[PDB]
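Novice: PDB entry and its sequence, pasted below:
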Amino acid sequence: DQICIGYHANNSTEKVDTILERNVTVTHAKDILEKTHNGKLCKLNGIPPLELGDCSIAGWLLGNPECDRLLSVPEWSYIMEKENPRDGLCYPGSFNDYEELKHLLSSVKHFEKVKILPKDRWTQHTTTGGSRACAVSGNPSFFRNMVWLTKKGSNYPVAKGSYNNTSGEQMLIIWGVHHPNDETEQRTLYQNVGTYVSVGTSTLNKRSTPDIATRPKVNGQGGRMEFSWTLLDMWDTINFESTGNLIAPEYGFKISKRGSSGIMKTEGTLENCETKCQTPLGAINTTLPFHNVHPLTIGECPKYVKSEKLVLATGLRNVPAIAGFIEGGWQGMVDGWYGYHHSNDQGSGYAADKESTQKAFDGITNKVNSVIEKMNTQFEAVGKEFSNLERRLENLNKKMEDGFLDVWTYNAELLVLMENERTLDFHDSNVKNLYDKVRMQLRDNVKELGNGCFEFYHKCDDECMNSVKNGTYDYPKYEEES
Amino acid sequence: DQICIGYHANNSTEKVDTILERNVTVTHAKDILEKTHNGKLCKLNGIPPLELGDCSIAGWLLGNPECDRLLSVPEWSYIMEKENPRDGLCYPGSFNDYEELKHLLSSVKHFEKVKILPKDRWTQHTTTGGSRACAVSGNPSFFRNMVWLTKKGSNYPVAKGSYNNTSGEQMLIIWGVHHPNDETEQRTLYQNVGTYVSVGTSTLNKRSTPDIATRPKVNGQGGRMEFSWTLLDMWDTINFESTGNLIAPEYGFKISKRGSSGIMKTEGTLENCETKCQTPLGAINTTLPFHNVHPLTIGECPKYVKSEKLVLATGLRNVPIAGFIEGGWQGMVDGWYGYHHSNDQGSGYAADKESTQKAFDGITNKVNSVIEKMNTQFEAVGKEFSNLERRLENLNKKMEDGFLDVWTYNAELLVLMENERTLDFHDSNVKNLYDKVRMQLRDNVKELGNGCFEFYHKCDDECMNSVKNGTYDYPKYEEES
Amino acid sequence: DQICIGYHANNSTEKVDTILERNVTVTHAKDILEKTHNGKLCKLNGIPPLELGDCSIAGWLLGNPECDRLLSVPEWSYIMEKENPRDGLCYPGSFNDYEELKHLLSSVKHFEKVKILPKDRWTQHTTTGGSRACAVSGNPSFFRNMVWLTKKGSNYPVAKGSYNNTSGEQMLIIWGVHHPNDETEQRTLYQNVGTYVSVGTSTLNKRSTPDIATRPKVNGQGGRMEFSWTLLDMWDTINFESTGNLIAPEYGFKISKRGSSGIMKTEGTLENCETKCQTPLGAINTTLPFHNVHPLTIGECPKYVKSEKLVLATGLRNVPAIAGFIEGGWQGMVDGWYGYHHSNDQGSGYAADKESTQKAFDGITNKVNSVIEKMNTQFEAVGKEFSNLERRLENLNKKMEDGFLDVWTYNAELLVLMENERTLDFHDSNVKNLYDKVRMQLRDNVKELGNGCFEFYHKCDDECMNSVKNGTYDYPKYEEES
Amino acid sequence: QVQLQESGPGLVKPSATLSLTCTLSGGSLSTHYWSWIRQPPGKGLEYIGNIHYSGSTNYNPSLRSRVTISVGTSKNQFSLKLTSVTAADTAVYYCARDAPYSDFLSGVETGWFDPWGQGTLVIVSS
Amino acid sequence: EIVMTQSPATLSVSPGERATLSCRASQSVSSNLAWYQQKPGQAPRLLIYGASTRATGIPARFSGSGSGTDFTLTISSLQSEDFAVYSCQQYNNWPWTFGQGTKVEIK
Ligand SMILES: *[C@@H]1O[C@H](CO[C@@H]2O[C@@H](C)[C@@H](O)[C@@H](O)[C@@H]2O)[C@@H](O[C@@H]2O[C@H](CO)[C@@H](O)[C@H](O)[C@H]2NC(C)=O)[C@H](O)[C@H]1NC(C)=O
Ligand SMILES: *[C@@H]1O[C@H](CO[C@@H]2O[C@@H](C)[C@@H](O)[C@@H](O)[C@@H]2O)[C@@H](O[C@@H]2O[C@H](CO)[C@@H](O)[C@H](O)[C@H]2NC(C)=O)[C@H](O)[C@H]1NC(C)=O
Ligand SMILES: *[C@@H]1O[C@H](CO[C@@H]2O[C@@H](C)[C@@H](O)[C@@H](O)[C@@H]2O)[C@@H](O[C@@H]2O[C@H](CO)[C@@H](O)[C@H](O)[C@H]2NC(C)=O)[C@H](O)[C@H]1NC(C)=O
Ligand SMILES: *[C@@H]1O[C@H](CO)[C@@H](O)[C@H](O)[C@H]1NC(C)=O
Ligand SMILES: *[C@@H]1O[C@H](CO)[C@@H](O)[C@H](O)[C@H]1NC(C)=O
Ligand SMILES: *[C@@H]1O[C@H](CO)[C@@H](O)[C@H](O)[C@H]1NC(C)=O
Ligand SMILES: *[C@@H]1O[C@H](CO)[C@@H](O)[C@H](O)[C@H]1NC(C)=O
Ligand SMILES: *[C@@H]1O[C@H](CO)[C@@H](O)[C@H](O)[C@H]1NC(C)=O
Ligand SMILES: *[C@@H]1O[C@H](CO)[C@@H](O)[C@H](O)[C@H]1NC(C)=O
Ligand SMILES: *[C@@H]1O[C@H](CO)[C@@H](O)[C@H](O)[C@H]1NC(C)=O
Ligand SMILES: *[C@@H]1O[C@H](CO)[C@@H](O)[C@H](O)[C@H]1NC(C)=O
Ligand SMILES: *[C@@H]1O[C@H](CO)[C@@H](O)[C@H](O)[C@H]1NC(C)=O
Ligand SMILES: *[C@@H]1O[C@H](CO)[C@@H](O)[C@H](O)[C@H]1NC(C)=O
């Protein structure tokens, strides 16, 4: 008697925006923006972070006596540095090219501490000096990986030593220069005043002299230590020479892994969980192309965007029996998106048009996958350190990141809105196409009712309805009863 | 008798491009690119700029005698620095980390000049030196915020002084070193030759010695003064010590505001107009997402693009007893889509208000999506680089050009893609009325092939004002055929 | 009797991707990604490159004796520097601001070597020094554009000289300082030990003292030469003063062209071909908006993308007689994309609907040109040099370039997929529009057959069908035979 | 501050080894260098040498062949071993702490002794 | 070594009077000289170090100066508690050395 063409509706409250419309309820939707992390600092790729606790990188490498827990450090996946750490240069001072060193340590992971210039090789020098500022259990002490060479007997013979890098890999060497508060200190500790410190390799040629001056006291000391560093290439030799004010390394650091990592600023601790993408706020476990958790993320991560939601429609407008697509609302049809409602002598009921639904389905699936699969995910560390004398460079870096963030956010927002507009138009087109696909086959044997349904002039039984539904209706056989 | 479905046309000459078509005339359009500024340098957010006139930043802060008008400066919204200024380091010299200082002064606005080391504290020294290079009315002079310490009597006692920053905020301190042309000059001014200047704080440890050498004369002098600066953190102390060649600050500068600003390069003056966005060519007053006035703009501004026009169609193609098939209903001024009826009571045009309003709201939302999704933020944009930082300047340029090409390309294609969809949208909407109506009229009408329906049944004003409302009572008209 | 509306199909395997569908086979397509270079290093814009052979920039400008072939270099379009060249600083040393100099030389092209301080002006000095390190045919030698000033007889009078830049353009001046391995060497060569070198201009104020120290030997020598450079602005004067250890320039370099160029790293040679765009792998001759050959390209080039294929559909789905657009496949119609197939008493055959095809054609042409013509092509060199102490900056630069590459690749991939989806949807719409354009005119004088064809009730000959094809069917005259 | 007390036999043979200890009270060795000083009757003081907690030592060049200074494990004691006593070694032996450079720096040479102890007189005889 | 010679062997300076003691080095000791006060029955006490720097716990009546080879110790007004043997120490060489001791006694 009658066959209608219509579409699926359900109880969904999911909403999407489109270019032309806002707050459109749809039957199905896909959220492509990750919003939730787990609140924990996790092992990255199964490898724990280097937890410095209250130590800075300089404190760690020099051997600040309060960083003893870091004297032997296992391979790390990232470094967790507390912002504004306490244990750094206990004996007040400064560290040259510190930001470059922190950057160097990013692509490092494990390194081996190697003794290069054993403390007891320094005969004819006093190697027992220390300071209350670095005291351990009351007793004055010093950086543990460094030797403070001072006068012995009544002399300071030229201090010399060298090291040939036969360790198997490029090595990090740190040394420094003492800068006394006054002349009395300079003479008491080194005998001579007109001193210098000279260090070099096949590429390094650095010579400096102490700057004796009154300075504000820091940690009780009016003096300062200046530290610097180089990388000694494999098979090269580093020479040291001094007539005073030299703080020699005892140890160097052989880089062992040279992998890809970074330094995270965080006050937390390791929670013994695992991730592939770690932000300072917690780990992100997601397969989505975008996230909005935190920009300073270390790992293989989704793009960070400023958006709050990015939701693709995948379904039909959710528009809540004897009418077709014109009115919508077939909540009684749960077989597929597009279909038929037939009524005849044997009975009535809903059926999906499986060919139409599957094609529409595959189309939507491919569209969603294009949006997601075309996004390029790479390992990144993001954060960079700058000194207070590098503000133009720091700002350039910030501007670059803000620039890319606005580009990606804008594109994510419009890609979603433009695609949702096409998705809903696509589905409206597909139901209309069944209406006409069928109308063109039924031709003059039916009456168009104006509501998305066709009335048969001839009697149409369940075998007839099956024939109409899969497109095999035999027009000539039914040119009767009119 | 007859009802037609058609659409609005008018006398518009506005044109748009689409992805498939070029120079398409439309009934309505919106220009989303701002092209006009006012030609003036305006107060920004009600606050005037600092007008340096012919002074450089160094001239201003050191106290070049020709910059007296800048000794006391009220709060400013931006700095107008003339490119290639005249009044700078009158006594020839150089200024270290000058680009970093200019950058620092961007996020500053007002600051207070504070006396830190009063000239008269320098007893046992001569504080009355000067040079013809900085002369005022012939008389030799010097930078007004600086003290040139030279020999007194026959001695140069070690010069010392210090300052504890108890001013209430982080302070800028500038000092320098004199570099003689020769030894005679060094002895005449400082007695000793083996001199040094030492300056420091809890973070600064700077020591240098004069470099005595013959140099080409600049502004008549073969000597040079080297200036440098630091920021003294709140509650820290800066110490100065010298055995000669020290030019001590008398004053330091307390930062007062630390707001968002920038330095503009311009030869103009303040015209006392007001803006929210200022380019070197004039102020921009607009609500549009893009502009093409100038890339070095200070303020909360539209994105700068290289495009010449960005125009969105909002309307229908303007294409001047037939329907949408022929178009041209210039006689219908009620809405975008509508009806034309003719019967025995009368004839005339009417809009389909339901269809027109929905299309209208759609277009409005589309336009707002394009505009509202653009992120507008305050920027200073310009940066200074030294002649030894060419690679960094070039990197900075590349970054800016890169983003500009990305935004221009996207603006151009977003407009073309949207205009193609807009026009397709309107064509779809008028066709949808044709079928919405065809489907309720069904067999009681004849399609004429030109977007009109002829009724078999006589159809009067009440009938026409039923079909137009989507309520044609089909079963009552099944007659007269 | 019958007229059908349908479309073109052919023998084609061109495939495109769309947002909804992958591998649609189309009747026509355009590849907009350039994948092939010619394998050669070409003259750029008709001007040969500067082939340095095994020389470095420092070796070239200083006059390394093994770079004699470069003492009279003609104008170049780009510089070809071998990566890791050998003919560098023969006498071991360092070159300050070397990366800045290499950058400076990018926007230079030709320069003239100008004698500034002739070797024989240095009376009262020995100008015949040299070293086995730079030896030519055994005999000790030195950098040819430099003068090593050493003790004459028993004295080293203060060495002085100057040059006023009256050459006509900004000049590059190189000079250096010798750093002895020990004090014996210092006295043997310069008599005095407490020496300095002082150089200056109206903007340059530099003084430096020798650093005497034991160093690892390089090329047999424990000594080092440190070179530095400045640009002497036109009409300024550079003064030199030394009490020892000065290596004076004999020659300066006058910049002659100052055009845009760059430095390419390559082991190849000039092949005597010509291009407008050159990569290290070969030259690129193309008009397409994107290429995927190499990112370090010098010239006016397409955007580099990470994609493998960017192909726009221009044609119809290629979908291989008595049916219309419903079935498709009119391989017998080669007149245009859209058209008619008619059969009547006089004859039968295919014809294009020229009005419809030309409009669709122009539309597709404009679409393709929009995608290509809106891309901004500018001269670029891309590559930059960084020192080993500038890793944060080198990485910032890399990151910037990678960032832009991901943006352009992503946009290229989606622009192509969105446009291909619209292209095919466009063609389907246009064919249907003929179907309805015709249906609406024929009205009741035809039977719609449901397969994209109409059957006339009235006999319709080869003048009637032409009237239909014209859109001028005179409906009222055919109201008969039904 | 600390007090130092010398202890040991007051009688040594003419061919012998002399051995004296020094005990600290009110403190411990604490990174400082500790010294022994001798005063033969009728003579001025003679410096013998010192020792750091770590075992580093400095001896008067004239007595190197006969002198050992050691600490042990109590961390508040140190001792002097003088070999080949010829009785020219009759003297008052004193222990002392080398003055520290400053409250902040230690473990460095100074050369003046601030805390001294009464001393013990050792007679070498038979 | 550096011989430190004191003179006179004894002073007879009476209570209330200024007492001046001298020390002369065979080699320059710069400013690296200390003075000690020794009494029968007790440990020597440090009075001065660094030629002129007073040791703590020492009254202002004690002062001294000198450089190179020529040094003195001065008691501005001698009290009964100051009758002691005083000595100088050299610490600008190795070994460190001491003078023979100058006794202050009452006339
Ligand atoms: C620094 O050491 C390298 C390496 O020395 C060799 O390998 C060590 C592990 C150890 O076994 C040494 O005894 C070996 O000699 C020196 O480089 C070698 O130099 C010799 C002599 O010219 C040469 O024959 C070898 O092939 C070189 N080996 C390598 C790996 O380069 C280097 O000379 C030493 N540097 C200095 C300043 O002494
Ligand atoms: C530099 O000055 C600060 C501040 O000193 C106080 O505030 C001044 C305005 C004035 O009223 C002074 O007399 C005050 O003492 C010094 O920091 C203070 O140090 C004292 C210990 O001496 C401490 O109790 C206070 O809390 C500190 N105040 C603050 C704000 O931190 C600082 O030590 C001085 N630096 C130098 C080198 O002198
Ligand atoms: C450096 O040389 C310039 C140029 O000198 C002139 O041009 C030369 C090619 C040659 O022909 C000279 O004899 C000429 O005098 C000097 O600049 C000129 O200085 C005079 C003042 O003495 C001035 O009147 C001219 O206008 C200047 N010309 C230009 C082009 O600026 C400059 O002074 C010389 N520098 C030194 C330190 O001597
Ligand atoms: C929506 O329907 C689903 C499945 O039909 C059911 O599980 C769920 O409880 C329903 N929710 C609402 C809000 O109706
Ligand atoms: C869409 O819904 C949100 C609440 O979920 C509301 O805040 C917003 O204003 C709505 N927007 C429109 C255009 O109605
Ligand atoms: C992410 O979540 C899935 C469950 O959806 C879980 O199987 C997987 O282990 C999680 N990943 C990590 C790193 O914990
Ligand atoms: C399609 O429907 C007809 C009628 O029921 C049926 O005979 C046929 O098997 C179905 N599928 C096809 C096309 O084989
Ligand atoms: C169109 O007509 C209006 C009056 O209705 C007039 O104001 C306007 O300027 C005219 N526009 C054009 C382009 O002629
Ligand atoms: C569009 O109009 C502009 C301005 O008159 C003209 O320069 C351009 O060539 C025109 N383009 C086309 C395709 O007609
Ligand atoms: C900017 O334009 C608006 C009208 O759109 C006007 O009301 C406002 O006063 C203008 N502001 C300035 C500074 O010109
Ligand atoms: C396709 O057919 C044309 C003739 O119409 C012929 O020129 C061309 O080579 C053929 N291409 C293929 C792949 O067979
Ligand atoms: C598209 O064709 C290519 C080439 O034959 C093939 O590798 C790819 O898997 C195909 N795509 C899909 C979805 O099958
Ligand atoms: C580039 O290709 C064109 C054909 O499109 C050809 O005529 C020209 O000679 C080619 N140029 C080079 C340098 O290969």
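Specialist: Nice, I can see it. Numbering: from 1, shown residues only, chains lettered A, B, ... in the order given. Ligands and ions are numbered 1, 2, ... in the order given.

Novice: now do the strands in chain E.
Specialist: E:4-7, E:10-11, E:19-25, E:33-39, E:42-49, E:53-54, E:62-67, E:70-75, E:85-90, E:97-98, E:102-104 (DSSP state E).

Novice: scratch that, chain D is what I was asking about
Specialist: Counting by DSSP E, chain D has strands at residues D:3-7, D:11-12, D:16-25, D:33-39, D:46-52, D:57-59, D:67-70, D:77-85, D:91-98, D:105-106, D:113-116, D:120-124.

Novice: out of those strands, nearest to residue B:321?
Specialist: Checking those against residue B:321 by Cβ to Cβ gives strand D:105-106 as the closest, at 108.9 Å. To be clear about C-beta, it is placed using only N, CA and C from the backbone, and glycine gets the same treatment.

Novice: reformat the strands of chain D as JSON lines; add mean neighbour count and distance to ligand 10.
Specialist: Below are the strands of chain D laid out as JSON lines (neighbours: other Cβ atoms under 10 Å in any protein chain shown; distance: least, Cβ to the nearest ligand atom, whole Å):
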{"stretch": "strand D:3-7", "mean neighbour count": "17", "distance to ligand 10": "86"}
{"stretch": "strand D:11-12", "mean neighbour count": "17", "distance to ligand 10": "105"}
{"stretch": "strand D:16-25", "mean neighbour count": "18", "distance to ligand 10": "84"}
{"stretch": "strand D:33-39", "mean neighbour count": "23", "distance to ligand 10": "79"}
{"stretch": "strand D:46-52", "mean neighbour count": "22", "distance to ligand 10": "79"}
{"stretch": "strand D:57-59", "mean neighbour count": "19", "distance to ligand 10": "83"}
{"stretch": "strand D:67-70", "mean neighbour count": "17", "distance to ligand 10": "89"}
{"stretch": "strand D:77-85", "mean neighbour count": "18", "distance to ligand 10": "87"}
{"stretch": "strand D:91-98", "mean neighbour count": "23", "distance to ligand 10": "80"}
{"stretch": "strand D:105-106", "mean neighbour count": "24", "distance to ligand 10": "67"}
{"stretch": "strand D:113-116", "mean neighbour count": "22", "distance to ligand 10": "79"}
{"stretch": "strand D:120-124", "mean neighbour count": "17", "distance to ligand 10": "98"}
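
Novice: of all these, which lies closest to residue C:204?
Specialist: Relative to residue C:204, the nearest member of the strands of chain D by Cβ to Cβ is strand D:105-106, separated by 43.6 Å.

Novice: and that closest one with chain E, contact?
Specialist: No - Strand D:105-106 is not in contact with chain E by Cβ under 8 Å from any Cβ of the partner chain; minimum separation 15.1 Å.

Novice: also stretch D:86-93?
Specialist: No - using Cβ under 8 Å from any Cβ, we find that stretch D:86-93 stays clear of chain E, coming within 10.4 Å at best.

Novice: the closest residue to ligand 13 within chain E - nearest residue in space that isn't next to it in sequence?
Specialist: Residue nearest to ligand 13 within chain E (Cβ to the nearest ligand atom): residue E:30, separated by 82.4 Å. Spatial nearest neighbour of residue E:30, chain neighbours left out: residue E:92 (5.1 Å); criterion: Cβ to Cβ, 6 or more residues apart in numbering or on different chains.

Novice: which residues does the one you found contact?
Specialist: A:154, E:2, E:27, E:28, E:29, E:30, E:32, E:33 (Cβ atoms under 8 Å, 6 or more residues apart in numbering or on different chains).

Novice: how close does it sit to ligand 3?
Specialist: Residue E:92 is 55 Å from ligand 3, where distance means Cβ to the nearest ligand atom, to the nearest Å.

Novice: turn the contacts of residue E:92 into TSV, including neighbour count.
Specialist: Output for the contacts of residue E:92, formatted as TSV (neighbours: other Cβ atoms under 10 Å in any protein chain shown):
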residue	neighbour count
A:154	16
E:2	17
E:27	13
E:28	15
E:29	24
E:30	17
E:32	23
E:33	30
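
Novice: for those residues, give me JSON lines that also has distance to ligand 8.
Specialist: Below are those laid out as JSON lines (distance: Cβ to the nearest ligand atom, whole Å):
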{"residue": "A:154", "distance to ligand 8": "103"}
{"residue": "E:2", "distance to ligand 8": "112"}
{"residue": "E:27", "distance to ligand 8": "110"}
{"residue": "E:28", "distance to ligand 8": "106"}
{"residue": "E:29", "distance to ligand 8": "107"}
{"residue": "E:30", "distance to ligand 8": "102"}
{"residue": "E:32", "distance to ligand 8": "103"}
{"residue": "E:33", "distance to ligand 8": "107"}
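
Novice: find the residue at the geometric middle of chain E.
Specialist: Residue closest to the mean C-alpha point of chain E, counted by Cα atoms, centre = their mean, is residue E:35 at 4.0 Å.

Novice: for the residue lying closest to that one once chain neighbours are set aside, which residues are in contact?
Specialist: Counting by Cβ to Cβ, 6+ apart, residue E:48 is the residue found nearest to residue E:35 once chain neighbours are left out, at 4.3 Å. If you count contacts by Cβ under 8 Å, 6+ apart, residue E:48 has them with E:34, E:35, E:54, E:55, E:58, E:62, E:63, E:64, E:73.

Novice: include distance to residue A:256 when you put those into a markdown table, please.
Specialist: Shown next, in a markdown table, are the contacts of residue E:48 (distance: Cβ to Cβ, whole Å):
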| residue | distance to residue A:256 |
| --- | --- |
| E:34 | 53 |
| E:35 | 58 |
| E:54 | 57 |
| E:55 | 54 |
| E:58 | 58 |
| E:62 | 62 |
| E:63 | 62 |
| E:64 | 60 |
| E:73 | 63 |
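
Novice: just the buried subset of these, written out for PyMOL, thanks.
Specialist: Of these, the buried ones can be selected in PyMOL as follows, counting by 16 or more other Cβ atoms under 10 Å in any protein chain shown:
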select buried, chain E and resi 34+35+54+55+62+64+73
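
Novice: now for the contacts of residue E:48: which two are most distant?
Specialist: Every pair of the contacts of residue E:48 checked by Cβ to Cβ; the farthest is E:34 and E:63, at 13.7 Å.

Novice: thinking again about what came up before, can you name the residues bridging to the residue nearest to the centre of chain E?
Specialist: Counting by DSSP bridges, residue E:35 is bridged to residue E:48, residue E:88.

Novice: ok, it - contacts?
Specialist: Residue E:35 is in contact with E:23, E:46, E:47, E:48, E:49, E:64, E:73, E:86, E:87, E:88, E:89, counting by Cβ under 8 Å, 6+ apart.

Novice: ok, now which ones touch the third one?
Specialist: Residues near residue E:47 by Cβ under 8 Å, 6+ apart: E:34, E:35, E:36, E:37, E:54, E:55, E:58, E:62, E:64, E:73, E:86.

Novice: which two among the residues you listed are spaced furthest apart?
Specialist: E:54 and E:86 (14.4 Å).

Novice: from the strands of chain E, which stretch is densest packed?
Specialist: Most buried of these, by mean neighbour count (mean count of other Cβ atoms under 10 Å in any protein chain shown): strand E:85-90, with a mean of 25.

Novice: which one is residue D:59 nearest to, not counting chain neighbours?
Specialist: Closest to residue D:59 by Cβ to Cβ, 6+ apart is residue D:49, at 3.8 Å.

Novice: quick check, that neighbour in contact with residue D:70.
Specialist: No - using Cβ atoms under 8 Å, residue D:49 is not in contact with residue D:70; the gap is 11.2 Å.

Novice: so what's the closest residue to residue D:3 other than its chain neighbours up against?
Specialist: Once flanking residues are discounted, residue D:3 sits nearest to residue D:25: 4.8 Å by Cβ to Cβ, 6+ apart. Residue D:25 makes contact with D:2, D:3, D:4, D:5, D:76 under the criterion Cβ under 8 Å, 6+ apart.
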